[PDB]
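target-v1.cif follows (mmCIF, N, CA and C atoms and all ligand atoms):
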```cif
data_work
loop_
_atom_site.label_atom_id
_atom_site.label_comp_id
_atom_site.auth_asym_id
_atom_site.auth_seq_id
_atom_site.Cartn_x
_atom_site.Cartn_y
_atom_site.Cartn_z
N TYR A 1 -1.95 11.19 55.75
CA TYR A 1 -1.09 10.11 55.27
C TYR A 1 0.16 10.72 54.66
N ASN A 2 1.31 10.13 54.97
CA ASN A 2 2.60 10.60 54.47
C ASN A 2 3.08 9.62 53.41
N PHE A 3 2.64 9.85 52.17
CA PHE A 3 3.07 9.06 51.03
C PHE A 3 4.26 9.75 50.39
N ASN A 4 5.41 9.05 50.34
CA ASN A 4 6.61 9.44 49.60
C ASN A 4 7.30 10.66 50.21
N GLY A 5 6.69 11.27 51.23
CA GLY A 5 7.14 12.54 51.76
C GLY A 5 6.17 13.68 51.55
N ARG A 6 4.97 13.41 51.04
CA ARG A 6 3.95 14.42 50.82
C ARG A 6 2.75 14.11 51.70
N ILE A 7 2.06 15.16 52.12
CA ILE A 7 0.89 15.03 52.98
C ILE A 7 -0.34 14.79 52.11
N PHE A 8 -1.05 13.70 52.38
CA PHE A 8 -2.27 13.35 51.66
C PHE A 8 -3.35 13.06 52.69
N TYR A 9 -4.40 13.87 52.69
CA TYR A 9 -5.53 13.67 53.59
C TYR A 9 -6.51 12.72 52.91
N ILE A 10 -6.68 11.54 53.49
CA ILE A 10 -7.46 10.47 52.87
C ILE A 10 -8.62 10.08 53.77
N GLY A 11 -9.44 9.14 53.31
CA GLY A 11 -10.54 8.63 54.10
C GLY A 11 -11.01 7.27 53.62
N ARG A 12 -11.14 6.32 54.55
CA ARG A 12 -11.49 4.95 54.23
C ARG A 12 -12.83 4.61 54.86
N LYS A 13 -13.74 4.04 54.07
CA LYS A 13 -15.06 3.64 54.54
C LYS A 13 -15.34 2.22 54.06
N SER A 14 -15.62 1.32 55.00
CA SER A 14 -15.81 -0.08 54.68
C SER A 14 -17.24 -0.36 54.22
N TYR A 15 -17.44 -1.57 53.69
CA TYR A 15 -18.77 -2.03 53.32
C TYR A 15 -18.79 -3.56 53.35
N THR A 16 -19.99 -4.11 53.41
CA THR A 16 -20.15 -5.56 53.44
C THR A 16 -20.03 -6.12 52.03
N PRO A 17 -19.09 -7.01 51.76
CA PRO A 17 -18.88 -7.47 50.39
C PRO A 17 -19.95 -8.44 49.89
N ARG A 18 -20.49 -9.27 50.78
CA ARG A 18 -21.41 -10.33 50.39
C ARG A 18 -22.64 -10.31 51.29
N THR A 19 -23.68 -11.01 50.83
CA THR A 19 -24.94 -11.08 51.55
C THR A 19 -24.83 -12.03 52.73
N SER A 20 -25.94 -12.18 53.46
CA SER A 20 -25.94 -12.98 54.68
C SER A 20 -25.76 -14.46 54.39
N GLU A 21 -26.39 -14.96 53.34
CA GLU A 21 -26.35 -16.39 53.04
C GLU A 21 -25.02 -16.83 52.43
N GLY A 22 -24.16 -15.91 52.05
CA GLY A 22 -22.86 -16.23 51.53
C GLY A 22 -22.67 -16.06 50.03
N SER A 23 -23.48 -15.24 49.38
CA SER A 23 -23.37 -15.00 47.95
C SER A 23 -22.65 -13.67 47.72
N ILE A 24 -21.52 -13.73 47.03
CA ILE A 24 -20.73 -12.53 46.76
C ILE A 24 -21.39 -11.76 45.62
N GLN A 25 -21.68 -10.48 45.85
CA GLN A 25 -22.32 -9.63 44.86
C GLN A 25 -21.25 -8.92 44.05
N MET A 26 -21.03 -9.37 42.83
CA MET A 26 -20.03 -8.79 41.94
C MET A 26 -20.60 -7.65 41.11
N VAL A 27 -19.69 -6.84 40.58
CA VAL A 27 -19.98 -5.86 39.55
C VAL A 27 -18.97 -6.06 38.43
N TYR A 28 -19.45 -6.40 37.24
CA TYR A 28 -18.58 -6.71 36.11
C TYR A 28 -18.76 -5.66 35.03
N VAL A 29 -17.69 -4.93 34.72
CA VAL A 29 -17.70 -3.92 33.67
C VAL A 29 -16.97 -4.49 32.47
N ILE A 30 -17.62 -4.48 31.31
CA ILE A 30 -17.09 -5.06 30.09
C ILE A 30 -17.05 -3.96 29.04
N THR A 31 -15.86 -3.65 28.55
CA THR A 31 -15.67 -2.65 27.51
C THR A 31 -15.23 -3.35 26.24
N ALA A 32 -16.01 -3.21 25.18
CA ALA A 32 -15.71 -3.84 23.90
C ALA A 32 -15.33 -2.77 22.89
N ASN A 33 -14.17 -2.94 22.26
CA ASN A 33 -13.67 -2.00 21.28
C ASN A 33 -13.95 -2.53 19.88
N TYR A 34 -14.76 -1.79 19.12
CA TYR A 34 -15.00 -2.09 17.72
C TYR A 34 -14.08 -1.21 16.89
N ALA A 35 -13.02 -1.80 16.35
CA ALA A 35 -12.04 -1.08 15.56
C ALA A 35 -12.22 -1.40 14.09
N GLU A 36 -11.51 -0.64 13.26
CA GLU A 36 -11.63 -0.79 11.81
C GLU A 36 -10.85 -1.98 11.28
N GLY A 37 -9.92 -2.53 12.05
CA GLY A 37 -9.13 -3.64 11.58
C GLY A 37 -9.88 -4.95 11.63
N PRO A 38 -9.16 -6.07 11.50
CA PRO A 38 -9.79 -7.37 11.69
C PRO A 38 -10.23 -7.55 13.13
N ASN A 39 -11.35 -8.24 13.30
CA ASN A 39 -11.92 -8.47 14.62
C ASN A 39 -11.44 -9.83 15.12
N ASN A 40 -10.57 -9.81 16.12
CA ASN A 40 -9.99 -11.05 16.64
C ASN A 40 -10.91 -11.71 17.67
N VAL A 41 -11.26 -10.98 18.73
CA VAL A 41 -12.04 -11.55 19.82
C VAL A 41 -13.43 -11.91 19.32
N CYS A 42 -13.82 -13.17 19.53
CA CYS A 42 -15.04 -13.73 18.98
C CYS A 42 -15.66 -14.65 20.02
N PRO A 43 -16.98 -14.85 19.96
CA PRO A 43 -17.58 -15.92 20.76
C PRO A 43 -17.35 -17.27 20.11
N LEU A 44 -17.30 -18.30 20.95
CA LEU A 44 -16.95 -19.64 20.51
C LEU A 44 -18.21 -20.35 20.05
N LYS A 45 -18.35 -20.52 18.73
CA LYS A 45 -19.53 -21.16 18.16
C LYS A 45 -19.15 -22.43 17.40
N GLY W 1 10.30 10.45 43.62
CA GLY W 1 10.60 10.98 44.93
C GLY W 1 12.02 11.48 45.03
N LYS W 2 12.54 11.57 46.25
CA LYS W 2 13.90 12.03 46.50
C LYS W 2 14.71 10.91 47.13
N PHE W 3 15.99 10.86 46.78
CA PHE W 3 16.90 9.93 47.42
C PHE W 3 17.17 10.38 48.86
N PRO W 4 17.67 9.48 49.71
CA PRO W 4 18.13 9.92 51.04
C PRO W 4 19.29 10.90 50.99
N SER W 5 20.03 10.95 49.89
CA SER W 5 21.09 11.92 49.67
C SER W 5 20.59 13.22 49.05
N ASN W 6 19.28 13.48 49.13
CA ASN W 6 18.63 14.69 48.62
C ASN W 6 18.85 14.88 47.12
N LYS W 7 18.90 13.78 46.37
CA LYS W 7 18.99 13.82 44.92
C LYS W 7 17.63 13.47 44.31
N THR W 8 17.56 13.54 42.99
CA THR W 8 16.33 13.28 42.25
C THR W 8 16.52 12.11 41.30
N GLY W 9 15.48 11.28 41.17
CA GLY W 9 15.54 10.16 40.26
C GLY W 9 15.18 8.82 40.88
N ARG W 10 14.49 8.84 42.01
CA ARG W 10 14.03 7.62 42.67
C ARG W 10 12.56 7.40 42.38
N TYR W 11 12.20 6.18 42.00
CA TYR W 11 10.83 5.80 41.71
C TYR W 11 10.33 4.86 42.80
N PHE W 12 9.19 5.20 43.40
CA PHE W 12 8.77 4.61 44.66
C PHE W 12 7.82 3.43 44.51
N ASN W 13 7.51 3.01 43.29
CA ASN W 13 6.62 1.88 43.07
C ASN W 13 7.09 1.16 41.81
N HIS W 14 6.20 0.37 41.21
CA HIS W 14 6.56 -0.43 40.04
C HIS W 14 7.00 0.45 38.88
N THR W 15 8.17 0.14 38.33
CA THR W 15 8.72 0.87 37.20
C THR W 15 8.85 -0.07 36.01
N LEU W 16 8.66 0.48 34.82
CA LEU W 16 8.93 -0.24 33.58
C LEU W 16 10.26 0.26 33.04
N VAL W 17 11.22 -0.65 32.88
CA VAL W 17 12.54 -0.31 32.37
C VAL W 17 12.77 -1.07 31.07
N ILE W 18 13.28 -0.37 30.07
CA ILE W 18 13.60 -0.96 28.78
C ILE W 18 15.12 -0.99 28.66
N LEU W 19 15.68 -2.18 28.50
CA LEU W 19 17.12 -2.35 28.50
C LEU W 19 17.55 -3.08 27.23
N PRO W 20 18.53 -2.56 26.50
CA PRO W 20 19.16 -3.34 25.44
C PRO W 20 20.30 -4.19 25.98
N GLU W 21 20.36 -5.43 25.50
CA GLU W 21 21.31 -6.40 26.01
C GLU W 21 21.98 -7.14 24.86
N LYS W 22 23.14 -7.73 25.17
CA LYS W 22 23.92 -8.57 24.26
C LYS W 22 24.30 -7.82 22.98
N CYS W 23 25.05 -6.73 23.17
CA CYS W 23 25.58 -5.89 22.09
C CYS W 23 24.47 -5.36 21.19
N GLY W 24 23.36 -4.95 21.80
CA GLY W 24 22.25 -4.39 21.04
C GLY W 24 21.49 -5.39 20.20
N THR W 25 21.44 -6.66 20.62
CA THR W 25 20.69 -7.67 19.90
C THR W 25 19.43 -8.14 20.61
N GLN W 26 19.29 -7.85 21.90
CA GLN W 26 18.07 -8.17 22.64
C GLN W 26 17.55 -6.93 23.34
N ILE W 27 16.24 -6.74 23.28
CA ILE W 27 15.56 -5.67 24.00
C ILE W 27 14.65 -6.31 25.03
N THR W 28 14.89 -6.03 26.30
CA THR W 28 14.09 -6.57 27.38
C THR W 28 13.30 -5.46 28.06
N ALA W 29 12.21 -5.85 28.71
CA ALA W 29 11.32 -4.91 29.39
C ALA W 29 10.93 -5.51 30.73
N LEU W 30 11.46 -4.95 31.82
CA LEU W 30 11.20 -5.44 33.16
C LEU W 30 10.23 -4.50 33.86
N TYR W 31 9.18 -5.06 34.44
CA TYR W 31 8.23 -4.31 35.26
C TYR W 31 8.40 -4.81 36.69
N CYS W 32 9.36 -4.21 37.40
CA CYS W 32 9.76 -4.69 38.71
C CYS W 32 9.90 -3.51 39.65
N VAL W 33 9.77 -3.78 40.94
CA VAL W 33 9.97 -2.75 41.95
C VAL W 33 11.46 -2.51 42.12
N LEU W 34 11.86 -1.25 42.03
CA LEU W 34 13.27 -0.87 42.05
C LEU W 34 13.62 -0.39 43.45
N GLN W 35 14.37 -1.21 44.19
CA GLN W 35 14.75 -0.84 45.55
C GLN W 35 16.19 -0.36 45.60
N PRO W 36 16.44 0.73 46.33
CA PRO W 36 17.82 1.21 46.47
C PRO W 36 18.64 0.29 47.35
N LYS W 37 19.91 0.14 47.00
CA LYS W 37 20.84 -0.63 47.81
C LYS W 37 21.60 0.30 48.75
N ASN W 38 22.18 -0.29 49.79
CA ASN W 38 22.93 0.46 50.80
C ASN W 38 24.41 0.08 50.68
N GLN W 39 25.10 0.74 49.76
CA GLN W 39 26.55 0.62 49.60
C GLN W 39 27.09 2.00 49.26
N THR W 40 28.40 2.17 49.46
CA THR W 40 29.02 3.49 49.33
C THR W 40 28.98 3.95 47.88
N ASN W 41 28.41 5.15 47.66
CA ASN W 41 28.16 5.72 46.33
C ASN W 41 27.33 4.79 45.45
N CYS W 42 26.45 4.00 46.06
CA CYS W 42 25.68 2.99 45.35
C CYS W 42 24.22 3.04 45.80
N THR W 43 23.64 4.24 45.74
CA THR W 43 22.23 4.61 45.95
C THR W 43 21.91 4.61 47.45
N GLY W 44 22.89 4.33 48.32
CA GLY W 44 22.70 4.40 49.75
C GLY W 44 23.43 5.59 50.37
N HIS W 45 23.19 5.76 51.67
CA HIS W 45 23.78 6.81 52.51
C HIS W 45 23.57 8.23 51.98
N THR W 46 24.30 9.18 52.56
CA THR W 46 24.18 10.59 52.19
C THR W 46 25.09 10.98 51.04
N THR W 47 25.95 10.08 50.58
CA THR W 47 26.83 10.35 49.44
C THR W 47 26.36 9.50 48.26
N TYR W 48 26.04 10.17 47.15
CA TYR W 48 25.51 9.50 45.98
C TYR W 48 25.98 10.20 44.71
N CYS P 1 29.61 1.69 45.18
CA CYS P 1 30.05 0.41 44.64
C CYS P 1 31.01 0.62 43.47
N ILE P 2 30.64 1.52 42.56
CA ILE P 2 31.48 1.90 41.44
C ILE P 2 31.58 3.42 41.42
N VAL P 3 32.81 3.94 41.49
CA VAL P 3 33.04 5.38 41.49
C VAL P 3 33.08 5.85 40.04
N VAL P 4 32.19 6.78 39.69
CA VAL P 4 32.05 7.26 38.33
C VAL P 4 32.27 8.77 38.31
N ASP P 5 32.48 9.30 37.11
CA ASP P 5 32.72 10.73 36.91
C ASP P 5 31.53 11.33 36.17
N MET P 6 30.86 12.28 36.81
CA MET P 6 29.72 12.97 36.23
C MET P 6 30.13 14.40 35.90
N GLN P 7 30.11 14.74 34.61
CA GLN P 7 30.54 16.06 34.15
C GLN P 7 29.77 16.41 32.89
N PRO P 8 28.64 17.10 33.02
CA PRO P 8 27.81 17.41 31.85
C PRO P 8 28.32 18.57 31.00
N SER P 9 29.47 19.16 31.33
CA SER P 9 29.97 20.29 30.56
C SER P 9 30.41 19.87 29.16
N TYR P 10 30.95 18.66 29.02
CA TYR P 10 31.35 18.17 27.71
C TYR P 10 30.19 17.62 26.89
N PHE P 11 29.00 17.53 27.48
CA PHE P 11 27.85 16.87 26.87
C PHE P 11 26.85 17.86 26.28
N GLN P 12 27.33 18.99 25.75
CA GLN P 12 26.44 20.06 25.32
C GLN P 12 26.59 20.42 23.84
N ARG P 13 27.30 19.62 23.06
CA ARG P 13 27.40 19.88 21.63
C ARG P 13 26.10 19.45 20.96
N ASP P 14 25.53 20.33 20.14
CA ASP P 14 24.11 20.22 19.81
C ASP P 14 23.80 19.34 18.60
N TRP P 15 24.44 19.59 17.43
CA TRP P 15 24.17 19.04 16.10
C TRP P 15 22.69 18.72 15.87
N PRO P 16 21.81 19.72 15.87
CA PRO P 16 20.37 19.43 15.97
C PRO P 16 19.78 18.85 14.69
N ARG P 17 18.82 17.94 14.87
CA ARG P 17 18.06 17.35 13.76
C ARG P 17 16.57 17.50 14.07
N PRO P 18 15.97 18.63 13.70
CA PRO P 18 14.55 18.84 14.00
C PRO P 18 13.66 17.99 13.10
N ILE P 19 12.39 17.90 13.50
CA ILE P 19 11.44 17.04 12.80
C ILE P 19 11.06 17.67 11.46
N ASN P 20 11.17 16.89 10.40
CA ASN P 20 10.78 17.29 9.05
C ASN P 20 9.44 16.62 8.74
N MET P 21 8.38 17.41 8.62
CA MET P 21 7.05 16.84 8.43
C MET P 21 6.88 16.25 7.04
N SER P 22 7.65 16.74 6.06
CA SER P 22 7.52 16.27 4.69
C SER P 22 8.05 14.86 4.48
N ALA P 23 8.75 14.30 5.46
CA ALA P 23 9.22 12.92 5.39
C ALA P 23 8.50 12.01 6.37
N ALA P 24 7.63 12.56 7.22
CA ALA P 24 6.89 11.83 8.25
C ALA P 24 7.84 11.07 9.18
N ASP P 25 8.65 11.85 9.90
CA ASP P 25 9.70 11.26 10.74
C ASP P 25 9.11 10.52 11.93
N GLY P 26 8.20 11.15 12.66
CA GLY P 26 7.68 10.56 13.87
C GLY P 26 6.21 10.20 13.81
N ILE P 27 5.71 9.93 12.61
CA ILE P 27 4.29 9.64 12.43
C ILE P 27 4.05 8.17 12.75
N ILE P 28 3.17 7.92 13.72
CA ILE P 28 2.83 6.56 14.11
C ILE P 28 1.80 6.00 13.14
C1 LIG G 101 -19.74 -24.23 26.19
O1 LIG G 101 -19.37 -25.13 27.23
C2 LIG G 101 -20.37 -26.11 27.56
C3 LIG G 101 -19.81 -26.91 28.71
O2 LIG G 101 -18.46 -27.28 28.48
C4 LIG G 101 -20.69 -26.97 26.33
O3 LIG G 101 -21.78 -27.83 26.63
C5 LIG G 101 -21.41 -29.22 26.44
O4 LIG G 101 -21.68 -29.67 25.10
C6 LIG G 101 -21.31 -31.04 24.87
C7 LIG G 101 -21.60 -31.32 23.42
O5 LIG G 101 -22.46 -30.33 22.86
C8 LIG G 101 -22.07 -31.97 25.82
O6 LIG G 101 -21.56 -33.29 25.65
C9 LIG G 101 -22.64 -34.25 25.63
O7 LIG G 101 -22.89 -34.72 26.96
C10 LIG G 101 -23.95 -35.68 27.06
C11 LIG G 101 -24.16 -35.99 28.53
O8 LIG G 101 -24.19 -34.76 29.25
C12 LIG G 101 -23.57 -36.92 26.25
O9 LIG G 101 -24.63 -37.85 26.30
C13 LIG G 101 -23.28 -36.52 24.79
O10 LIG G 101 -22.87 -37.66 24.05
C14 LIG G 101 -22.25 -35.40 24.70
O11 LIG G 101 -21.01 -35.96 25.09
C15 LIG G 101 -21.88 -31.52 27.27
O12 LIG G 101 -22.72 -32.27 28.14
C16 LIG G 101 -22.22 -30.05 27.43
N1 LIG G 101 -21.99 -29.61 28.79
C17 LIG G 101 -22.81 -28.77 29.43
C18 LIG G 101 -22.44 -28.43 30.84
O13 LIG G 101 -23.80 -28.30 28.88
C19 LIG G 101 -21.06 -26.09 25.15
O14 LIG G 101 -21.20 -26.89 23.98
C20 LIG G 101 -20.01 -25.01 24.91
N2 LIG G 101 -20.42 -24.13 23.83
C21 LIG G 101 -19.89 -24.14 22.60
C22 LIG G 101 -18.78 -25.13 22.36
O15 LIG G 101 -20.27 -23.37 21.72
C1 LIG G 102 3.83 1.60 46.47
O1 LIG G 102 4.90 1.37 47.41
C2 LIG G 102 4.52 1.51 48.78
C3 LIG G 102 5.78 1.32 49.60
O2 LIG G 102 5.56 0.46 50.71
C4 LIG G 102 3.44 0.48 49.11
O3 LIG G 102 3.03 0.65 50.47
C5 LIG G 102 2.25 0.66 48.18
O4 LIG G 102 1.30 -0.36 48.43
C6 LIG G 102 2.70 0.60 46.72
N1 LIG G 102 1.58 0.85 45.83
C7 LIG G 102 0.73 -0.11 45.44
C8 LIG G 102 -0.37 0.32 44.52
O5 LIG G 102 0.85 -1.27 45.81
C1 LIG G 103 22.65 19.29 34.74
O1 LIG G 103 23.83 19.77 34.06
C2 LIG G 103 23.66 21.02 33.38
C3 LIG G 103 24.97 21.32 32.67
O2 LIG G 103 25.78 22.20 33.44
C4 LIG G 103 23.27 22.10 34.38
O3 LIG G 103 23.05 23.33 33.69
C5 LIG G 103 22.02 21.69 35.13
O4 LIG G 103 21.71 22.65 36.13
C6 LIG G 103 22.21 20.32 35.78
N1 LIG G 103 20.99 19.90 36.46
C7 LIG G 103 20.99 19.32 37.66
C8 LIG G 103 19.65 18.95 38.21
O5 LIG G 103 22.03 19.09 38.27
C1 LIG G 104 12.31 17.35 4.34
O1 LIG G 104 12.76 16.27 3.51
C2 LIG G 104 12.64 16.52 2.10
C3 LIG G 104 13.10 15.26 1.40
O2 LIG G 104 14.52 15.22 1.31
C4 LIG G 104 13.45 17.75 1.71
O3 LIG G 104 13.23 18.03 0.33
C5 LIG G 104 13.04 18.95 2.55
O4 LIG G 104 13.89 20.05 2.28
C6 LIG G 104 13.13 18.61 4.04
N1 LIG G 104 12.68 19.73 4.84
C7 LIG G 104 13.42 20.28 5.81
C8 LIG G 104 12.81 21.43 6.55
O5 LIG G 104 14.54 19.85 6.09
#
```
Let me see the file written as structure tokens.
Ligand SMILES: *[C@@H]1O[C@H](CO)[C@@H](O[C@@H]2O[C@H](CO)[C@@H](O[C@@H]3O[C@H](CO)[C@@H](O)[C@H](O)[C@@H]3O)[C@H](O)[C@H]2NC(C)=O)[C@H](O)[C@H]1NC(C)=O
Ligand SMILES: *[C@@H]1O[C@H](CO)[C@@H](O)[C@H](O)[C@H]1NC(C)=O
Ligand SMILES: *[C@@H]1O[C@H](CO)[C@@H](O)[C@H](O)[C@H]1NC(C)=O
Ligand SMILES: *[C@@H]1O[C@H](CO)[C@@H](O)[C@H](O)[C@H]1NC(C)=O
Amino acid sequence: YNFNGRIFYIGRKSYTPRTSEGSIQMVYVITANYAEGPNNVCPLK
Amino acid sequence: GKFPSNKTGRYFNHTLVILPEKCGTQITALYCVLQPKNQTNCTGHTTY
Amino acid sequence: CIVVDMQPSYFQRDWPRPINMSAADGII
């Protein structure tokens, strides 16, 4: 691949995004930062 | 990357630019794709 | 589009102001 004028040897491999019946299989990564200041983000109670 | 005039200072994807405006009273921040124009001594051709 | 003059020879006067830690100049 010629990106910007430089040679980059790459490789692409596909995969099936969803199951046969039509359910999309997600992956959700959640990173929560506990800092020393006031905690703004809260669950709604 | 490099300009077509073999110079340095071209950014090939989304750039963040910080610009002061209105006699130094407003500070703006644009995150936009910066495309070179094709005019004489204006980032186009072999003369830059 | 606009013809400009580029000449960095006049742009080399130094008047340096180094970082003074005792005043916390660049402390975030
Ligand atoms: C998170 O969101 C859900 C959905 O928006 C909230 O659940 C909803 O809670 C209200 C009141 O607690 C329910 O209203 C009630 O509905 C029944 C009929 O369904 C009606 O007879 C009552 O008079 C009242 O209006 C609503 O149905 C319910 N919805 C669902 C889908 O459960 C939930 O309270 C939220 N969590 C919070 C705010 O902490
Ligand atoms: C960067 O710019 C190139 C120019 O066409 C474009 O193909 C590429 O998708 C851009 N990068 C991203 C992450 O979109
Ligand atoms: C920029 O100007 C200085 C001043 O003469 C010079 O020493 C330097 O080589 C120049 N750099 C480029 C990339 O033209
Ligand atoms: C740093 O600032 C303090 C406060 O004026 C001064 O006393 C000290 O000499 C400064 N240090 C240097 C290296 O300039």
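Within 8 Å of chain W, counting only N, CA and C atoms, chain P contributes residues 1, 2, 3 and 4 of chain P.
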Produce as a list in words the set of residues near ligand LIG 104 (chain G), where near means within 5 Å with only N, CA and C atoms and all ligand atoms considered.
->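 Protein and nucleic-acid residues within 5 Å of ligand LIG 104 (chain G): residues 20, 22 and 23 of chain P.
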Between atom N of residue 3 in chain W and atom C of residue 3 in chain A, what is the distance, to one decimal in Å?
->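 Pair atom N of residue 3 in chain W / atom C of residue 3 in chain A returns 12.3 Å.
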May I have a table of the residues of chain W lying at most 9 Å from ligand LIG 102 (chain G), giving each one's closest pair of atoms and their distance in Å to one decimal, counting only C-alpha atoms and all ligand atoms, ordered by chain and ascending residue number, as a tab-separated table?
```
residue	atom	partner	partner_atom	distance
W:12	CA	G:LIG102	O1	5.7
W:13	CA	G:LIG102	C1	4.4
W:14	CA	G:LIG102	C1	7.3
W:33	CA	G:LIG102	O1	8.5
```
Would you work out the distance separating atom N of residue 19 in chain W from atom N of residue 32 in chain W, expressed in Å to one decimal?
->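 Value for the atom N of residue 19 in chain W-atom N of residue 32 in chain W distance: 11.1 Å.
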Give the residues close to ligand LIG 103 (chain G), within 7 Å, counting all atoms listed in the file; write them as a ChimeraX atom specification.
-> /P:7-9
Could you give me the residues within 7 Å of ligand LIG 101 (chain G), counting only N, CA and C atoms and all ligand atoms, as a ChimeraX atom specification?
-> /A:43-45
Just give me the gap between CA of residue 20 in chain W and CA of residue 34 in chain W in Å, one decimal is fine.
-> 17.8 Å
Do you know which residues are at most 7 Å from residue 30 in chain W counting all atoms listed in the file, after dropping those on the same chain fewer than 2 positions away, and could you put them as number ranges by chain?
-> W: 15-19, 28, 32
